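Single chain ahead, written as structure tokens, the form deposited in one PDB entry.
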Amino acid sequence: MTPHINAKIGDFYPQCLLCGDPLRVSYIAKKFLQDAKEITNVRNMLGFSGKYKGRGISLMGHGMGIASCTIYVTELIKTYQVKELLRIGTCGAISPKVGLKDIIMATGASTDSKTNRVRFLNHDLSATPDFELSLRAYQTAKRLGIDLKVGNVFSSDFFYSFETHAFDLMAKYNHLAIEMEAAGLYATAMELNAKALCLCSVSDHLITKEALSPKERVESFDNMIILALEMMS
């Protein structure tokens, strides 16, 4: 009964899948969950609880940007007793080690945000996922025959960047792609002693310019969705 989530308390299962687009959340709930109840809908930010192979599973939209993401993650932990957080979303590749439709497992989320220096003594916080969840992700991907790409992402405050000249430097330092949430998700989960991991699917390549099409965007990612559901059942 927070300001951004109106679900009743208890309505969230201790395992939540996270994605930035509430319409993508509705799609997951309506295609992969059995008896999926919409439990929260403040600001059109939809959240659901259902079953996946008889296992109780929650979904929640988090919007775009570290600040938006931090709002919903914080409330899910502190009020709705969510213990494991699994985020999926797109990203723009910057590394030749990956290409369109690769699924990336963020074992680190660098950032141009000041948020973590505010959290952390104005020093460098290495925002990382929970290693247990990363182990389940790997084993689940190996099981499903998914070639999981593993490395850092860069979480930026900007979709339209003013440092495109820096993408090669980032790529060199093992940053496979750029998105806008992971470094906040990982900090919030570290702060509040929760388990979290981020997975993202290349939809665009910012160096090689390859960019998919509007409806490979709607089907290329069921692979990642299934991976996340499988590693929670």
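Throughout, we count residues from 1 along the sequence that is shown. Shifts are known only where both forms have a C-alpha. We call the rigid core the largest set of C-alpha positions that still match within 1.5 Å between the two forms.
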Looking only at C-alpha temperature factors in the entry, 195-203 or 34-42, the higher average sits in 34-42
Please compare 24-32 with 62-70 and name the stretch with the higher mean C-alpha B-factor in the deposited structure.
24-32
Considering only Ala137, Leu121, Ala127, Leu100, which residue's Cα atom bears the greatest B-factor as recorded?
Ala137
Third of the chain's Cα B-factor distribution that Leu176 belongs to, per the entry
middle
How does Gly54 rank on Cα B-factor within its chain, lowest, middle or highest third?
highest
In terms of the chain's CA B-factor thirds, is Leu144 lowest, middle or highest?
highest
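Although it is not shown, the form deposited in another entry is what the next lines describe.
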So which one of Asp11, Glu216, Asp21, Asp222 actually moves, Cα shift of 2 Å or more between this form and the one not shown once the core is superposed?
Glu216
If you overlay the rigid core, what runs of at least 3 residues show Cα shifts of 2 angstroms or more between this form and the one not shown?
213-220
